[PDB]
file query24.pdb (PDB, C-alpha atoms)
ATOM      1  CA  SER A2349     103.378  92.381 108.796
ATOM      2  CA  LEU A2350     103.142  90.883 105.318
ATOM      3  CA  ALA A2351      99.567  92.042 104.713
ATOM      4  CA  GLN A2352     100.453  95.643 105.549
ATOM      5  CA  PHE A2353     103.637  95.457 103.473
ATOM      6  CA  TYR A2354     101.761  94.165 100.429
ATOM      7  CA  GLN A2355      98.969  96.720 100.813
ATOM      8  CA  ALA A2356     101.479  99.578 101.079
ATOM      9  CA  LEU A2357     103.420  98.707  97.917
ATOM     10  CA  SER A2358     103.490 101.691  95.577
ATOM     11  CA  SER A2359     103.751  99.858  92.252
ATOM     12  CA  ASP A2360     101.861  96.563  92.655
ATOM     13  CA  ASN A2361      99.645  96.236  95.733
ATOM     14  CA  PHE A2362      97.092  93.561  96.562
ATOM     15  CA  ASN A2363      95.032  92.234  99.455
ATOM     16  CA  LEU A2364      96.853  89.248 100.932
ATOM     17  CA  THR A2365      93.979  87.270 102.441
ATOM     18  CA  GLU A2366      91.570  87.853  99.547
ATOM     19  CA  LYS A2367      94.174  86.732  97.015
ATOM     20  CA  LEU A2368      95.041  83.722  99.176
ATOM     21  CA  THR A2369      91.402  82.635  99.370
ATOM     22  CA  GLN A2370      90.921  83.155  95.630
ATOM     23  CA  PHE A2371      94.033  81.146  94.751
ATOM     24  CA  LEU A2372      92.960  78.397  97.145
ATOM     25  CA  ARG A2373      89.499  78.180  95.571
ATOM     26  CA  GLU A2374      90.929  77.629  92.070
ATOM     27  CA  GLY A2375      94.252  75.908  91.522
ATOM     28  CA  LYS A2376      95.897  78.853  89.773
ATOM     29  CA  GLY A2377      97.427  82.088  90.962
ATOM     30  CA  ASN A2378     100.030  84.779  90.345
ATOM     31  CA  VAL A2379     100.054  88.303  91.785
ATOM     32  CA  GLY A2380     102.685  90.960  92.403
ATOM     33  CA  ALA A2381     106.025  91.722  90.809
ATOM     34  CA  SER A2382     109.395  89.997  90.807
ATOM     35  CA  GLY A2383     110.747  90.236  94.336
ATOM     36  CA  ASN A2384     107.349  90.914  95.928
ATOM     37  CA  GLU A2385     105.122  88.119  94.685
ATOM     38  CA  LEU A2386     102.469  85.614  95.736
ATOM     39  CA  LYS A2387     101.979  82.543  93.569
ATOM     40  CA  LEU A2388     100.771  78.943  93.456
ATOM     41  CA  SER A2389     103.462  76.695  91.973
ATOM     42  CA  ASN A2390     102.669  72.999  91.432
ATOM     43  CA  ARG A2391     100.547  72.364  94.570
ATOM     44  CA  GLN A2392     102.372  74.721  96.946
ATOM     45  CA  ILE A2393     101.995  78.375  97.919
ATOM     46  CA  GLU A2394     104.980  80.714  97.615
ATOM     47  CA  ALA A2395     105.275  84.245  99.004
ATOM     48  CA  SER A2396     108.462  86.146  98.147
ATOM     49  CA  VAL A2397     109.462  89.475  99.707
TER      50      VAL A2397
END

call {"tool": "encode", "arguments": {"input": "query24.pdb", "output": "structure tokens"}}
result
Amino acid sequence: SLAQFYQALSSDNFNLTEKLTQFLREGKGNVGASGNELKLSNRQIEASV
């Protein structure tokens, strides 16, 4: 489960659905670290694990 995996990260943790809603409301976004990241690039959403 991606939400649980992101919430359980020791170094950089974040709430998946809250961040998704926030990045959808405004056309910018970048959270997490390299390898475990959620971002808005151009007009598309990318989630890397």

call {"tool": "residues_around", "arguments": {"input": "query24.pdb", "residues": "range 2352-2366 of chain A", "least_positions_apart": "6", "cutoff": "12 Å", "atoms": "only C-alpha atoms", "output": "PDB file with C-alpha atoms, keeping the file's coordinate frame"}}
result
ATOM      1  CA  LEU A2372      92.960  78.397  97.145  1.00  0.00           C
ATOM      2  CA  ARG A2373      89.499  78.180  95.571  1.00  0.00           C
ATOM      3  CA  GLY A2377      97.427  82.088  90.962  1.00  0.00           C
ATOM      4  CA  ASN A2378     100.030  84.779  90.345  1.00  0.00           C
ATOM      5  CA  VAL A2379     100.054  88.303  91.785  1.00  0.00           C
ATOM      6  CA  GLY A2380     102.685  90.960  92.403  1.00  0.00           C
ATOM      7  CA  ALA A2381     106.025  91.722  90.809  1.00  0.00           C
ATOM      8  CA  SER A2382     109.395  89.997  90.807  1.00  0.00           C
ATOM      9  CA  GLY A2383     110.747  90.236  94.336  1.00  0.00           C
ATOM     10  CA  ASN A2384     107.349  90.914  95.928  1.00  0.00           C
ATOM     11  CA  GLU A2385     105.122  88.119  94.685  1.00  0.00           C
ATOM     12  CA  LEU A2386     102.469  85.614  95.736  1.00  0.00           C
ATOM     13  CA  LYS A2387     101.979  82.543  93.569  1.00  0.00           C
ATOM     14  CA  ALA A2395     105.275  84.245  99.004  1.00  0.00           C
ATOM     15  CA  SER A2396     108.462  86.146  98.147  1.00  0.00           C
ATOM     16  CA  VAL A2397     109.462  89.475  99.707  1.00  0.00           C
TER      17      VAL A2397
END

call {"tool": "residues_around", "arguments": {"input": "query24.pdb", "residues": "residue 2390 in chain A", "least_positions_apart": "3", "cutoff": "10 Å", "atoms": "only C-alpha atoms", "output": "ChimeraX atom specification"}}
result
/A:2375-2376,2387,2393

call {"tool": "axis_aligned_box", "arguments": {"input": "query24.pdb", "around": "range 2379-2387 of chain A", "padding_each_side": "3 Å", "output": "AutoDock Vina command-line options"}}
result
--center_x 105.4 --center_y 87.1 --center_z 93.4 --size_x 16.7 --size_y 15.2 --size_z 11.1

call {"tool": "decode", "arguments": {"input": "query24.pdb", "residues": "range 2354-2366 of chain A", "atoms": "N, CA, C and O atoms", "output": "PDB file, in the first residue's frame"}}
result
ATOM      1  N   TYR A2354       4.564   5.300   2.318  1.00  0.00           N
ATOM      2  CA  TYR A2354       5.032   6.674   2.437  1.00  0.00           C
ATOM      3  C   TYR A2354       4.940   7.168   3.874  1.00  0.00           C
ATOM      4  O   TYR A2354       5.827   7.887   4.345  1.00  0.00           O
ATOM      5  N   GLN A2355       3.877   6.793   4.587  1.00  0.00           N
ATOM      6  CA  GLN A2355       3.740   7.235   5.971  1.00  0.00           C
ATOM      7  C   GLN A2355       4.785   6.604   6.878  1.00  0.00           C
ATOM      8  O   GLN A2355       5.162   7.199   7.893  1.00  0.00           O
ATOM      9  N   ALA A2356       5.262   5.411   6.539  1.00  0.00           N
ATOM     10  CA  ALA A2356       6.199   4.687   7.386  1.00  0.00           C
ATOM     11  C   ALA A2356       7.657   4.983   7.062  1.00  0.00           C
ATOM     12  O   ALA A2356       8.542   4.397   7.692  1.00  0.00           O
ATOM     13  N   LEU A2357       7.930   5.860   6.101  1.00  0.00           N
ATOM     14  CA  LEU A2357       9.310   6.191   5.777  1.00  0.00           C
ATOM     15  C   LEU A2357       9.978   6.888   6.953  1.00  0.00           C
ATOM     16  O   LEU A2357       9.414   7.810   7.549  1.00  0.00           O
ATOM     17  N   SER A2358      11.188   6.439   7.285  1.00  0.00           N
ATOM     18  CA  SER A2358      11.889   6.988   8.441  1.00  0.00           C
ATOM     19  C   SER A2358      12.402   8.396   8.171  1.00  0.00           C
ATOM     20  O   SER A2358      12.251   9.290   9.012  1.00  0.00           O
ATOM     21  N   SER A2359      13.005   8.616   7.003  1.00  0.00           N
ATOM     22  CA  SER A2359      13.658   9.892   6.734  1.00  0.00           C
ATOM     23  C   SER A2359      12.653  10.958   6.314  1.00  0.00           C
ATOM     24  O   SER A2359      12.497  11.981   6.988  1.00  0.00           O
ATOM     25  N   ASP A2360      11.962  10.733   5.200  1.00  0.00           N
ATOM     26  CA  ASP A2360      11.032  11.710   4.639  1.00  0.00           C
ATOM     27  C   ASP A2360       9.675  11.035   4.465  1.00  0.00           C
ATOM     28  O   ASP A2360       9.487  10.234   3.545  1.00  0.00           O
ATOM     29  N   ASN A2361       8.733  11.364   5.342  1.00  0.00           N
ATOM     30  CA  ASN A2361       7.395  10.800   5.304  1.00  0.00           C
ATOM     31  C   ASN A2361       6.378  11.901   5.048  1.00  0.00           C
ATOM     32  O   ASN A2361       6.571  13.053   5.446  1.00  0.00           O
ATOM     33  N   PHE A2362       5.291  11.537   4.374  1.00  0.00           N
ATOM     34  CA  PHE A2362       4.244  12.494   4.055  1.00  0.00           C
ATOM     35  C   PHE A2362       2.934  11.747   3.864  1.00  0.00           C
ATOM     36  O   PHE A2362       2.917  10.538   3.622  1.00  0.00           O
ATOM     37  N   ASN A2363       1.837  12.488   3.974  1.00  0.00           N
ATOM     38  CA  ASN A2363       0.506  11.938   3.761  1.00  0.00           C
ATOM     39  C   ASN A2363       0.202  11.963   2.268  1.00  0.00           C
ATOM     40  O   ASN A2363       0.245  13.026   1.640  1.00  0.00           O
ATOM     41  N   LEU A2364      -0.102  10.793   1.703  1.00  0.00           N
ATOM     42  CA  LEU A2364      -0.230  10.682   0.254  1.00  0.00           C
ATOM     43  C   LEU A2364      -1.432  11.460  -0.267  1.00  0.00           C
ATOM     44  O   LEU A2364      -1.305  12.262  -1.199  1.00  0.00           O
ATOM     45  N   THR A2365      -2.609  11.239   0.320  1.00  0.00           N
ATOM     46  CA  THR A2365      -3.817  11.842  -0.236  1.00  0.00           C
ATOM     47  C   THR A2365      -3.849  13.349  -0.006  1.00  0.00           C
ATOM     48  O   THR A2365      -4.293  14.104  -0.879  1.00  0.00           O
ATOM     49  N   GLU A2366      -3.375  13.809   1.154  1.00  0.00           N
ATOM     50  CA  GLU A2366      -3.334  15.244   1.410  1.00  0.00           C
ATOM     51  C   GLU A2366      -2.402  15.944   0.431  1.00  0.00           C
ATOM     52  O   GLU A2366      -2.749  16.985  -0.143  1.00  0.00           O
TER      53      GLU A2366
END
